[PDB]
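Source file: upload-v4.cif. Holds: mmCIF, C-alpha atoms and all ligand atoms.
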```cif
data_data
#
loop_
_atom_site.label_atom_id
_atom_site.label_comp_id
_atom_site.auth_asym_id
_atom_site.auth_seq_id
_atom_site.Cartn_x
_atom_site.Cartn_y
_atom_site.Cartn_z
CA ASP A 258 -26.00 14.25 -5.02
CA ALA A 259 -23.45 15.70 -7.42
CA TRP A 260 -22.60 12.07 -8.26
CA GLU A 261 -26.12 11.35 -9.54
CA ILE A 262 -26.42 10.23 -13.14
CA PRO A 263 -29.45 9.66 -15.41
CA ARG A 264 -30.43 6.03 -15.97
CA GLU A 265 -30.29 6.49 -19.74
CA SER A 266 -26.59 7.44 -19.62
CA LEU A 267 -25.57 3.82 -18.77
CA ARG A 268 -25.35 0.93 -21.24
CA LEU A 269 -24.74 -2.44 -19.55
CA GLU A 270 -22.86 -4.50 -22.18
CA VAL A 271 -21.06 -7.57 -20.71
CA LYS A 272 -21.91 -9.23 -17.40
CA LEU A 273 -18.81 -9.97 -15.29
CA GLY A 274 -19.79 -11.29 -11.84
CA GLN A 275 -22.68 -12.18 -9.51
CA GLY A 279 -25.23 -8.26 -6.75
CA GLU A 280 -23.97 -8.32 -10.34
CA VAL A 281 -21.25 -6.22 -11.93
CA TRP A 282 -21.14 -5.33 -15.62
CA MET A 283 -18.79 -3.79 -18.13
CA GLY A 284 -20.50 -0.90 -19.83
CA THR A 285 -20.55 2.59 -21.33
CA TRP A 286 -21.33 5.82 -19.51
CA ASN A 287 -22.51 8.80 -21.57
CA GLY A 288 -21.84 6.51 -24.56
CA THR A 289 -18.32 7.92 -24.25
CA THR A 290 -16.57 6.24 -21.30
CA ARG A 291 -15.67 2.65 -20.51
CA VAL A 292 -17.05 1.96 -17.05
CA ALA A 293 -17.76 -0.87 -14.65
CA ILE A 294 -21.34 -0.97 -13.36
CA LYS A 295 -22.18 -2.84 -10.16
CA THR A 296 -25.86 -3.74 -9.74
CA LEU A 297 -27.67 -4.08 -6.41
CA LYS A 298 -30.78 -6.30 -6.59
CA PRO A 299 -33.94 -4.96 -4.86
CA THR A 301 -30.80 -5.70 0.45
CA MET A 302 -30.23 -2.11 1.66
CA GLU A 310 -24.16 3.52 1.09
CA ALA A 311 -20.79 4.51 -0.51
CA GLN A 312 -20.23 7.77 1.26
CA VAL A 313 -16.72 6.35 1.66
CA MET A 314 -16.03 6.12 -2.07
CA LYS A 315 -17.05 9.77 -2.47
CA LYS A 316 -14.33 10.90 0.03
CA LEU A 317 -11.42 8.49 -0.65
CA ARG A 318 -9.65 9.56 -3.87
CA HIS A 319 -6.26 7.99 -4.58
CA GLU A 320 -4.21 6.71 -7.54
CA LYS A 321 -4.42 3.11 -6.28
CA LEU A 322 -8.00 3.18 -4.98
CA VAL A 323 -10.38 2.43 -7.84
CA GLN A 324 -12.48 5.57 -8.27
CA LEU A 325 -16.21 6.00 -8.08
CA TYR A 326 -17.52 7.84 -11.17
CA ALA A 327 -21.29 8.27 -10.59
CA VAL A 328 -24.26 6.70 -8.86
CA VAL A 329 -28.00 6.19 -9.13
CA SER A 330 -29.56 6.21 -5.68
CA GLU A 331 -33.15 4.95 -6.01
CA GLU A 332 -33.81 1.27 -6.59
CA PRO A 333 -32.75 -0.22 -8.91
CA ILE A 334 -29.38 1.16 -7.66
CA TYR A 335 -26.33 1.30 -9.94
CA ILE A 336 -22.74 2.01 -8.85
CA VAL A 337 -20.46 3.33 -11.61
CA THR A 338 -16.73 2.99 -11.09
CA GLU A 339 -13.74 3.09 -13.37
CA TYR A 340 -13.05 0.02 -15.51
CA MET A 341 -10.17 -2.38 -14.73
CA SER A 342 -9.44 -4.36 -17.88
CA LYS A 343 -7.76 -7.38 -16.26
CA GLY A 344 -10.37 -8.15 -13.62
CA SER A 345 -9.45 -9.35 -10.17
CA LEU A 346 -5.79 -9.83 -9.27
CA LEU A 347 -6.69 -13.37 -8.13
CA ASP A 348 -8.05 -14.10 -11.61
CA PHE A 349 -5.09 -12.35 -13.26
CA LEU A 350 -2.46 -14.34 -11.27
CA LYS A 351 -4.28 -17.65 -11.92
CA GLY A 352 -5.01 -16.96 -15.58
CA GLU A 353 -2.89 -17.06 -18.75
CA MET A 354 -0.74 -14.09 -17.54
CA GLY A 355 0.52 -15.91 -14.46
CA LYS A 356 3.01 -17.92 -16.49
CA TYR A 357 4.88 -14.73 -17.44
CA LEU A 358 4.86 -12.69 -14.22
CA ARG A 359 8.18 -12.75 -12.38
CA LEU A 360 9.20 -11.28 -9.04
CA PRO A 361 9.85 -7.73 -10.35
CA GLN A 362 6.29 -7.61 -11.70
CA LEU A 363 4.77 -9.14 -8.55
CA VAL A 364 6.81 -6.91 -6.23
CA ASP A 365 5.73 -3.86 -8.20
CA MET A 366 2.09 -4.79 -7.86
CA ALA A 367 2.56 -5.38 -4.14
CA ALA A 368 4.10 -1.91 -3.84
CA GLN A 369 1.08 -0.36 -5.60
CA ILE A 370 -1.30 -2.12 -3.21
CA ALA A 371 0.77 -1.00 -0.22
CA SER A 372 0.72 2.50 -1.70
CA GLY A 373 -3.08 2.47 -1.83
CA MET A 374 -3.28 0.91 1.62
CA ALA A 375 -0.87 3.55 2.89
CA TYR A 376 -3.41 6.16 1.77
CA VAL A 377 -6.04 4.18 3.68
CA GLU A 378 -3.56 4.22 6.58
CA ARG A 379 -3.22 8.02 6.42
CA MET A 380 -7.03 8.44 6.30
CA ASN A 381 -7.53 6.36 9.46
CA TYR A 382 -9.64 3.85 7.60
CA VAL A 383 -9.62 0.05 7.79
CA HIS A 384 -10.25 -2.30 4.92
CA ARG A 385 -11.06 -5.51 6.87
CA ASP A 386 -10.91 -7.56 3.69
CA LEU A 387 -7.63 -7.13 1.83
CA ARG A 388 -6.70 -10.03 -0.45
CA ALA A 389 -6.16 -10.64 -4.15
CA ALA A 390 -9.88 -11.25 -4.79
CA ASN A 391 -10.48 -7.60 -3.79
CA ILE A 392 -7.62 -6.18 -5.90
CA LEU A 393 -8.43 -5.09 -9.45
CA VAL A 394 -5.81 -4.99 -12.21
CA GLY A 395 -5.68 -2.66 -15.16
CA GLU A 396 -3.55 -2.06 -18.21
CA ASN A 397 0.21 -1.98 -17.65
CA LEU A 398 -0.06 -4.06 -14.48
CA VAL A 399 -1.84 -1.23 -12.64
CA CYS A 400 -3.39 -2.63 -9.45
CA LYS A 401 -6.01 -0.81 -7.39
CA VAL A 402 -7.40 -1.94 -4.05
CA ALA A 403 -11.16 -2.43 -4.17
CA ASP A 404 -13.84 -2.73 -1.51
CA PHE A 405 -16.47 -5.38 -2.24
CA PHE A 424 -15.49 -16.23 5.87
CA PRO A 425 -11.85 -15.17 5.21
CA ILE A 426 -10.07 -16.65 8.23
CA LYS A 427 -6.98 -17.46 6.16
CA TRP A 428 -6.53 -13.76 5.37
CA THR A 429 -7.62 -12.30 8.70
CA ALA A 430 -5.33 -11.37 11.54
CA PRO A 431 -6.01 -13.64 14.56
CA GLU A 432 -6.85 -10.82 16.95
CA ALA A 433 -9.39 -9.58 14.39
CA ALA A 434 -10.83 -13.03 13.69
CA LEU A 435 -11.05 -14.01 17.39
CA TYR A 436 -11.89 -10.71 19.13
CA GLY A 437 -12.96 -8.39 16.29
CA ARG A 438 -10.03 -5.95 16.64
CA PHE A 439 -9.97 -4.80 13.00
CA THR A 440 -7.08 -2.33 12.79
CA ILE A 441 -4.93 -1.08 9.98
CA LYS A 442 -2.59 -3.49 11.80
CA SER A 443 -4.87 -6.38 10.92
CA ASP A 444 -4.99 -5.16 7.35
CA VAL A 445 -1.17 -5.36 7.42
CA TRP A 446 -1.42 -9.00 8.43
CA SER A 447 -3.65 -9.51 5.39
CA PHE A 448 -1.19 -7.76 3.11
CA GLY A 449 1.34 -10.32 4.34
CA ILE A 450 -1.04 -13.06 3.17
CA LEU A 451 -1.60 -11.30 -0.13
CA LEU A 452 2.19 -11.41 -0.67
CA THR A 453 1.86 -15.19 -0.43
CA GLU A 454 -0.86 -15.10 -3.11
CA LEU A 455 1.48 -13.07 -5.32
CA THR A 456 4.43 -15.41 -4.92
CA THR A 457 2.39 -18.56 -5.50
CA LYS A 458 0.47 -16.97 -8.37
CA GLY A 459 -2.93 -17.17 -6.73
CA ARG A 460 -2.80 -20.32 -4.64
CA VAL A 461 -5.00 -20.37 -1.55
CA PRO A 462 -2.84 -19.76 1.56
CA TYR A 463 -2.17 -22.56 4.02
CA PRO A 464 -2.60 -25.33 1.41
CA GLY A 465 -4.22 -28.45 2.85
CA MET A 466 -5.49 -26.78 6.04
CA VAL A 467 -9.16 -26.27 6.88
CA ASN A 468 -10.32 -23.03 8.50
CA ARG A 469 -10.31 -24.38 12.07
CA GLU A 470 -6.87 -25.91 11.49
CA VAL A 471 -5.49 -22.47 10.58
CA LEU A 472 -6.91 -20.56 13.56
CA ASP A 473 -5.44 -23.08 16.00
CA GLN A 474 -1.99 -23.26 14.40
CA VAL A 475 -1.53 -19.52 13.83
CA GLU A 476 -2.00 -19.04 17.61
CA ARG A 477 0.49 -21.82 18.33
CA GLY A 478 2.96 -19.62 16.37
CA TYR A 479 2.91 -21.30 12.94
CA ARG A 480 3.31 -19.24 9.78
CA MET A 481 3.51 -20.12 6.13
CA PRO A 482 6.99 -21.16 4.98
CA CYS A 483 9.00 -19.49 2.28
CA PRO A 484 7.25 -20.02 -1.08
CA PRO A 485 9.41 -21.77 -3.70
CA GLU A 486 11.85 -19.45 -5.52
CA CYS A 487 10.85 -16.55 -3.38
CA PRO A 488 13.78 -14.74 -1.73
CA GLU A 489 14.15 -15.03 2.02
CA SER A 490 14.19 -11.21 2.23
CA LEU A 491 10.60 -11.17 0.97
CA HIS A 492 9.44 -14.00 3.24
CA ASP A 493 10.91 -12.07 6.19
CA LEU A 494 8.78 -9.10 5.22
CA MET A 495 5.77 -11.42 5.39
CA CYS A 496 6.79 -12.49 8.90
CA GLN A 497 6.96 -8.86 10.06
CA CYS A 498 3.38 -8.62 8.81
CA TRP A 499 2.46 -11.77 10.75
CA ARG A 500 3.80 -10.73 14.18
CA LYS A 501 1.43 -11.81 17.00
CA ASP A 502 1.64 -8.32 18.47
CA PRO A 503 -0.30 -5.95 16.16
CA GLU A 504 1.70 -2.88 17.18
CA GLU A 505 4.99 -4.61 16.10
CA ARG A 506 3.98 -5.19 12.45
CA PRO A 507 5.18 -2.48 10.04
CA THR A 508 3.15 0.35 8.62
CA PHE A 509 1.95 0.46 5.05
CA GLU A 510 4.25 3.47 4.60
CA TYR A 511 7.15 1.20 5.51
CA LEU A 512 5.95 -1.67 3.29
CA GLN A 513 5.41 0.61 0.31
CA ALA A 514 8.91 2.00 0.65
CA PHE A 515 10.49 -1.40 1.23
CA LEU A 516 8.88 -2.91 -1.88
CA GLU A 517 9.55 0.14 -4.07
CA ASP A 518 13.33 -0.32 -3.53
CA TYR A 519 13.22 -4.08 -3.20
CA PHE A 520 15.63 -4.67 -6.07
CA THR A 521 18.16 -1.94 -5.18
CA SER A 522 18.40 -1.94 -1.36
CA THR A 523 17.35 -5.51 -0.52
CA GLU A 524 17.92 -7.90 -3.48
CA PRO A 525 20.41 -6.17 -5.78
CA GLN A 526 21.55 -9.64 -6.97
CA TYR A 527 18.15 -10.97 -8.10
CA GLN A 528 18.38 -13.41 -11.00
CA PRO A 529 15.23 -14.51 -12.84
CA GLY A 530 14.10 -18.07 -12.29
CA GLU A 531 11.67 -20.61 -13.72
CA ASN A 532 8.65 -19.14 -11.93
CA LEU A 533 9.80 -16.13 -9.91
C1 LIG B 601 -17.76 -10.00 -7.47
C2 LIG B 601 -17.17 -9.52 -8.79
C3 LIG B 601 -15.66 -9.40 -8.82
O1 LIG B 601 -14.97 -9.68 -7.85
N1 LIG B 601 -15.16 -8.98 -9.99
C4 LIG B 601 -13.75 -8.78 -10.30
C5 LIG B 601 -13.75 -8.35 -11.75
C6 LIG B 601 -15.11 -7.72 -11.96
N2 LIG B 601 -15.13 -6.31 -11.48
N3 LIG B 601 -15.55 -5.88 -10.53
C7 LIG B 601 -15.35 -4.57 -10.49
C8 LIG B 601 -15.79 -3.80 -9.40
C9 LIG B 601 -16.14 -3.20 -8.51
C10 LIG B 601 -16.58 -2.45 -7.41
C11 LIG B 601 -17.91 -2.09 -7.23
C12 LIG B 601 -18.27 -1.35 -6.11
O2 LIG B 601 -19.53 -0.96 -5.85
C13 LIG B 601 -19.57 -0.58 -4.47
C14 LIG B 601 -17.34 -0.97 -5.18
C15 LIG B 601 -16.04 -1.33 -5.37
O3 LIG B 601 -15.14 -0.94 -4.46
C16 LIG B 601 -14.09 -0.69 -5.32
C17 LIG B 601 -15.64 -2.06 -6.47
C18 LIG B 601 -14.72 -4.21 -11.59
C19 LIG B 601 -14.24 -3.08 -12.12
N4 LIG B 601 -14.39 -1.94 -11.45
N5 LIG B 601 -13.63 -3.08 -13.29
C20 LIG B 601 -13.49 -4.27 -13.96
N6 LIG B 601 -13.97 -5.42 -13.40
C21 LIG B 601 -14.58 -5.36 -12.22
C22 LIG B 601 -15.97 -8.65 -11.16
#
```
Take the structure I supplied and represent it as structure tokens, if you would.
Amino acid sequence: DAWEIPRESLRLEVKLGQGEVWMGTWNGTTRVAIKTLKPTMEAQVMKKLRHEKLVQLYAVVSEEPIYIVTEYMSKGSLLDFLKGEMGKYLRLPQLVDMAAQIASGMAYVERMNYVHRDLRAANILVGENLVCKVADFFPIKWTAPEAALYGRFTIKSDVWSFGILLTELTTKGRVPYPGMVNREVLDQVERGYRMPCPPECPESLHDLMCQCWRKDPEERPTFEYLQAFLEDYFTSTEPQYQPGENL
């Protein structure tokens, strides 16, 4: 109830998505993102979870029409950012740094004993200075098989999805498993298949993806390990990295 805000304190300026979400002004002073719920149905979670790489809730209005006020992320979704005009310029150091920020946020989710259940670039927001924050808004291609088949949604299954998100980073937003329909992916991931090394992407990084894609959930690394691994990627793992045409 301390999060409650008067309806007149919000100005909805630019519509962004559609269950809409707007760019707006709160107290005529603050740039904010406003998500609208149409008069379906909440975010007790967002009031507890506070972390540098979790996008923060600012205020709420509880009675229909409901409005969720969160901080503004100037670059939109990471999927849009990677696919858009900035993709051409991102190289591995940039992409690995974003992946470390996401792992960092997810490691906070790991410490809090929460699960995301839907980690992928579409649910990562990007801000100024390549800041990336994980955000909570049929994703078989991103879902760990034991979660997709039996509903075991662990932080372990989120790790599997981080592994897939690393593929989105290194292909600059391309859908994983190119040319495979949903049923084709389920069947082949159980037969042991996994995405190959993306072009120009070091084998050290692809190996990290494979640790994320281990069939045994308890064998995949923690987010604490992933965060640390990516934060020193270019000193401990690829000290010889030389820029390329795309990575
Ligand atoms: C479906 C819309 C969608 O995916 N996007 C991505 C960009 C845009 N969007 N969407 C934003 C959002 C949001 C959001 C709204 C929420 O209300 C529960 C909860 C939540 O968990 C983090 C995130 C957003 C933002 N905060 N700042 C800038 N742009 C934002 C619309």
With all atoms listed in the file counted and 10 Å as the cut-off, give the residues of stretch 432-451 of chain A in contact with stretch 359-378 of chain A, each with its shortest interatomic distance in Å and the pair that gives it, as JSON lines.
```
{"residue": "A:440", "atom": "CA", "partner": "A:378", "partner_atom": "CA", "distance": 9.7}
{"residue": "A:441", "atom": "CA", "partner": "A:378", "partner_atom": "CA", "distance": 6.4}
{"residue": "A:442", "atom": "CA", "partner": "A:378", "partner_atom": "CA", "distance": 9.4}
{"residue": "A:444", "atom": "CA", "partner": "A:374", "partner_atom": "CA", "distance": 8.5}
{"residue": "A:445", "atom": "CA", "partner": "A:374", "partner_atom": "CA", "distance": 8.8}
{"residue": "A:448", "atom": "CA", "partner": "A:371", "partner_atom": "CA", "distance": 7.8}
{"residue": "A:449", "atom": "CA", "partner": "A:367", "partner_atom": "CA", "distance": 9.9}
{"residue": "A:451", "atom": "CA", "partner": "A:367", "partner_atom": "CA", "distance": 8.3}
```
Return as lines of an AutoDock Vina configuration file the centre and edge lengths, in Å with one decimal, of the box along x, y and z that encloses every atom of ligand LIG 601 (chain B) in the file, padded by 3 Å per side.
```
center_x = -16.5
center_y = -5.3
center_z = -9.2
size_x = 12.1
size_y = 15.4
size_z = 15.5
```
Mind listing the residues within 6 Å of ligand LIG 601 (chain B), all atoms listed in the file counted, as a PDB file with C-alpha atoms, keeping the file's coordinate frame?
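Below you can see selection_19.pdb, which holds the result:
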```pdb
ATOM      1  CA  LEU A 273     -18.810  -9.970 -15.290  1.00  0.00           C
ATOM      2  CA  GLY A 274     -19.790 -11.290 -11.840  1.00  0.00           C
ATOM      3  CA  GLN A 275     -22.680 -12.180  -9.510  1.00  0.00           C
ATOM      4  CA  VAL A 281     -21.250  -6.220 -11.930  1.00  0.00           C
ATOM      5  CA  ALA A 293     -17.760  -0.870 -14.650  1.00  0.00           C
ATOM      6  CA  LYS A 295     -22.180  -2.840 -10.160  1.00  0.00           C
ATOM      7  CA  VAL A 323     -10.380   2.430  -7.840  1.00  0.00           C
ATOM      8  CA  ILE A 336     -22.740   2.010  -8.850  1.00  0.00           C
ATOM      9  CA  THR A 338     -16.730   2.990 -11.090  1.00  0.00           C
ATOM     10  CA  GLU A 339     -13.740   3.090 -13.370  1.00  0.00           C
ATOM     11  CA  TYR A 340     -13.050   0.020 -15.510  1.00  0.00           C
ATOM     12  CA  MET A 341     -10.170  -2.380 -14.730  1.00  0.00           C
ATOM     13  CA  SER A 342      -9.440  -4.360 -17.880  1.00  0.00           C
ATOM     14  CA  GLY A 344     -10.370  -8.150 -13.620  1.00  0.00           C
ATOM     15  CA  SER A 345      -9.450  -9.350 -10.170  1.00  0.00           C
ATOM     16  CA  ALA A 403     -11.160  -2.430  -4.170  1.00  0.00           C
ATOM     17  CA  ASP A 404     -13.840  -2.730  -1.510  1.00  0.00           C
ATOM     18  CA  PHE A 405     -16.470  -5.380  -2.240  1.00  0.00           C
TER      19      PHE A 405
END
```
Provide the atom CA of residue A:321 to atom CA of residue A:357 distance in Å, to one decimal place. 23.0 Å
State, in Å with one decimal place, the distance from atom CA of residue A:488 to atom CA of residue A:526.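 Computing it gives 10.7 Å between the two atoms.
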Given all atoms listed in the file as the counted atoms, nearest of A:490, A:506, A:335, A:302 to residue A:520: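 Comparing A:490, A:506, A:335, A:302 against residue A:520, the winner is A:490.
Atom pair atom CA of residue A:263 / atom CA of residue A:329 has a distance of 7.3 Å (rounded to one decimal).
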Taking the point (-18.8, 13.6, -2.3) as given in the file, collect each protein or nucleic acid residue that comes within 9 Å of it, counting only C-alpha atoms, and present the set as a ChimeraX atom specification. /A:258-260,312-316
Top pick for closest residue to residue A:381, considering A:400, A:456, A:328, A:317 and counting only C-alpha atoms: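 Answer, going by the shortest atom-to-atom distance: A:317.
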Nearest to residue A:356, chosen from A:500, A:463, A:482, A:458, with all atoms listed in the file counted in the distances: A:458
With distances taken over all atoms listed in the file, which of A:432, A:333, A:427, A:282 is nearest to residue A:467? A:427
Counting all atoms listed in the file, which residue out of A:521, A:267, A:446, A:287 sits closest to residue A:501? A:446
Supply stretch 345-369 of chain A as a PDB file, keeping the file's coordinate frame, with N, CA, C and O atoms built in where the input has gaps.
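Below is the file that was written, rebuild14.pdb:
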```
ATOM      1  N   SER A 345     -10.061  -9.185 -11.472  1.00  0.00           N
ATOM      2  CA  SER A 345      -9.450  -9.350 -10.170  1.00  0.00           C
ATOM      3  C   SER A 345      -8.007  -9.820 -10.294  1.00  0.00           C
ATOM      4  O   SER A 345      -7.640 -10.544 -11.231  1.00  0.00           O
ATOM      5  N   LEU A 346      -7.185  -9.394  -9.327  1.00  0.00           N
ATOM      6  CA  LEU A 346      -5.790  -9.830  -9.270  1.00  0.00           C
ATOM      7  C   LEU A 346      -5.697 -11.346  -9.064  1.00  0.00           C
ATOM      8  O   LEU A 346      -4.797 -12.004  -9.610  1.00  0.00           O
ATOM      9  N   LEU A 347      -6.620 -11.916  -8.279  1.00  0.00           N
ATOM     10  CA  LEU A 347      -6.690 -13.370  -8.130  1.00  0.00           C
ATOM     11  C   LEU A 347      -6.921 -14.050  -9.482  1.00  0.00           C
ATOM     12  O   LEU A 347      -6.259 -15.043  -9.822  1.00  0.00           O
ATOM     13  N   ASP A 348      -7.869 -13.536 -10.272  1.00  0.00           N
ATOM     14  CA  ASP A 348      -8.050 -14.100 -11.610  1.00  0.00           C
ATOM     15  C   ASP A 348      -6.807 -13.883 -12.464  1.00  0.00           C
ATOM     16  O   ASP A 348      -6.315 -14.812 -13.101  1.00  0.00           O
ATOM     17  N   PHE A 349      -6.267 -12.666 -12.456  1.00  0.00           N
ATOM     18  CA  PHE A 349      -5.090 -12.350 -13.260  1.00  0.00           C
ATOM     19  C   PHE A 349      -3.912 -13.276 -12.950  1.00  0.00           C
ATOM     20  O   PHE A 349      -3.336 -13.865 -13.866  1.00  0.00           O
ATOM     21  N   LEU A 350      -3.573 -13.459 -11.665  1.00  0.00           N
ATOM     22  CA  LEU A 350      -2.460 -14.340 -11.270  1.00  0.00           C
ATOM     23  C   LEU A 350      -2.692 -15.786 -11.702  1.00  0.00           C
ATOM     24  O   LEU A 350      -1.739 -16.487 -12.106  1.00  0.00           O
ATOM     25  N   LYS A 351      -3.942 -16.275 -11.550  1.00  0.00           N
ATOM     26  CA  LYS A 351      -4.280 -17.650 -11.920  1.00  0.00           C
ATOM     27  C   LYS A 351      -4.392 -17.867 -13.426  1.00  0.00           C
ATOM     28  O   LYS A 351      -4.141 -18.978 -13.925  1.00  0.00           O
ATOM     29  N   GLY A 352      -4.783 -16.833 -14.162  1.00  0.00           N
ATOM     30  CA  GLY A 352      -5.010 -16.960 -15.580  1.00  0.00           C
ATOM     31  C   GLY A 352      -3.772 -17.087 -16.446  1.00  0.00           C
ATOM     32  O   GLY A 352      -2.682 -17.343 -15.942  1.00  0.00           O
ATOM     33  N   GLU A 353      -3.944 -16.889 -17.756  1.00  0.00           N
ATOM     34  CA  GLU A 353      -2.890 -17.060 -18.750  1.00  0.00           C
ATOM     35  C   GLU A 353      -1.705 -16.113 -18.537  1.00  0.00           C
ATOM     36  O   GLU A 353      -0.626 -16.402 -19.047  1.00  0.00           O
ATOM     37  N   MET A 354      -1.863 -15.002 -17.806  1.00  0.00           N
ATOM     38  CA  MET A 354      -0.740 -14.090 -17.540  1.00  0.00           C
ATOM     39  C   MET A 354       0.181 -14.582 -16.439  1.00  0.00           C
ATOM     40  O   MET A 354       1.325 -14.133 -16.358  1.00  0.00           O
ATOM     41  N   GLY A 355      -0.308 -15.447 -15.558  1.00  0.00           N
ATOM     42  CA  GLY A 355       0.520 -15.910 -14.460  1.00  0.00           C
ATOM     43  C   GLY A 355       1.833 -16.497 -14.928  1.00  0.00           C
ATOM     44  O   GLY A 355       2.882 -16.246 -14.332  1.00  0.00           O
ATOM     45  N   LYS A 356       1.796 -17.276 -16.007  1.00  0.00           N
ATOM     46  CA  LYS A 356       3.010 -17.920 -16.490  1.00  0.00           C
ATOM     47  C   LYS A 356       4.150 -16.918 -16.676  1.00  0.00           C
ATOM     48  O   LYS A 356       5.322 -17.274 -16.484  1.00  0.00           O
ATOM     49  N   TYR A 357       3.836 -15.663 -17.032  1.00  0.00           N
ATOM     50  CA  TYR A 357       4.880 -14.730 -17.440  1.00  0.00           C
ATOM     51  C   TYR A 357       5.325 -13.783 -16.342  1.00  0.00           C
ATOM     52  O   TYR A 357       6.458 -13.287 -16.409  1.00  0.00           O
ATOM     53  N   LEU A 358       4.468 -13.522 -15.349  1.00  0.00           N
ATOM     54  CA  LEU A 358       4.860 -12.690 -14.220  1.00  0.00           C
ATOM     55  C   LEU A 358       6.063 -13.279 -13.491  1.00  0.00           C
ATOM     56  O   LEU A 358       6.139 -14.485 -13.246  1.00  0.00           O
ATOM     57  N   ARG A 359       7.020 -12.429 -13.177  1.00  0.00           N
ATOM     58  CA  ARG A 359       8.180 -12.750 -12.380  1.00  0.00           C
ATOM     59  C   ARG A 359       8.189 -11.822 -11.166  1.00  0.00           C
ATOM     60  O   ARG A 359       7.363 -10.900 -11.044  1.00  0.00           O
ATOM     61  N   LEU A 360       9.151 -12.058 -10.270  1.00  0.00           N
ATOM     62  CA  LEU A 360       9.200 -11.280  -9.040  1.00  0.00           C
ATOM     63  C   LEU A 360       9.167  -9.765  -9.262  1.00  0.00           C
ATOM     64  O   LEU A 360       8.406  -9.077  -8.555  1.00  0.00           O
ATOM     65  N   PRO A 361       9.942  -9.185 -10.175  1.00  0.00           N
ATOM     66  CA  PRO A 361       9.850  -7.730 -10.350  1.00  0.00           C
ATOM     67  C   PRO A 361       8.446  -7.252 -10.616  1.00  0.00           C
ATOM     68  O   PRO A 361       8.025  -6.250 -10.014  1.00  0.00           O
ATOM     69  N   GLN A 362       7.694  -7.958 -11.480  1.00  0.00           N
ATOM     70  CA  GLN A 362       6.290  -7.610 -11.700  1.00  0.00           C
ATOM     71  C   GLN A 362       5.478  -7.737 -10.407  1.00  0.00           C
ATOM     72  O   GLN A 362       4.817  -6.786  -9.971  1.00  0.00           O
ATOM     73  N   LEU A 363       5.533  -8.912  -9.775  1.00  0.00           N
ATOM     74  CA  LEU A 363       4.770  -9.140  -8.550  1.00  0.00           C
ATOM     75  C   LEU A 363       5.148  -8.148  -7.453  1.00  0.00           C
ATOM     76  O   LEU A 363       4.273  -7.663  -6.725  1.00  0.00           O
ATOM     77  N   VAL A 364       6.444  -7.832  -7.305  1.00  0.00           N
ATOM     78  CA  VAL A 364       6.810  -6.910  -6.230  1.00  0.00           C
ATOM     79  C   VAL A 364       6.296  -5.522  -6.543  1.00  0.00           C
ATOM     80  O   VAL A 364       5.954  -4.751  -5.632  1.00  0.00           O
ATOM     81  N   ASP A 365       6.253  -5.170  -7.826  1.00  0.00           N
ATOM     82  CA  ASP A 365       5.730  -3.860  -8.200  1.00  0.00           C
ATOM     83  C   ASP A 365       4.247  -3.768  -7.907  1.00  0.00           C
ATOM     84  O   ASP A 365       3.764  -2.739  -7.405  1.00  0.00           O
ATOM     85  N   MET A 366       3.494  -4.823  -8.219  1.00  0.00           N
ATOM     86  CA  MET A 366       2.090  -4.790  -7.860  1.00  0.00           C
ATOM     87  C   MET A 366       1.925  -4.673  -6.349  1.00  0.00           C
ATOM     88  O   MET A 366       1.086  -3.899  -5.864  1.00  0.00           O
ATOM     89  N   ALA A 367       2.716  -5.432  -5.587  1.00  0.00           N
ATOM     90  CA  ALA A 367       2.560  -5.380  -4.140  1.00  0.00           C
ATOM     91  C   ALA A 367       2.879  -3.989  -3.612  1.00  0.00           C
ATOM     92  O   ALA A 367       2.238  -3.522  -2.660  1.00  0.00           O
ATOM     93  N   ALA A 368       3.816  -3.281  -4.259  1.00  0.00           N
ATOM     94  CA  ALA A 368       4.100  -1.910  -3.840  1.00  0.00           C
ATOM     95  C   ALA A 368       2.910  -0.985  -4.127  1.00  0.00           C
ATOM     96  O   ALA A 368       2.574  -0.125  -3.310  1.00  0.00           O
ATOM     97  N   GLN A 369       2.274  -1.140  -5.291  1.00  0.00           N
ATOM     98  CA  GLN A 369       1.080  -0.360  -5.600  1.00  0.00           C
ATOM     99  C   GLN A 369      -0.047  -0.583  -4.595  1.00  0.00           C
ATOM    100  O   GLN A 369      -0.752   0.361  -4.211  1.00  0.00           O
TER     101      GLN A 369
END
```
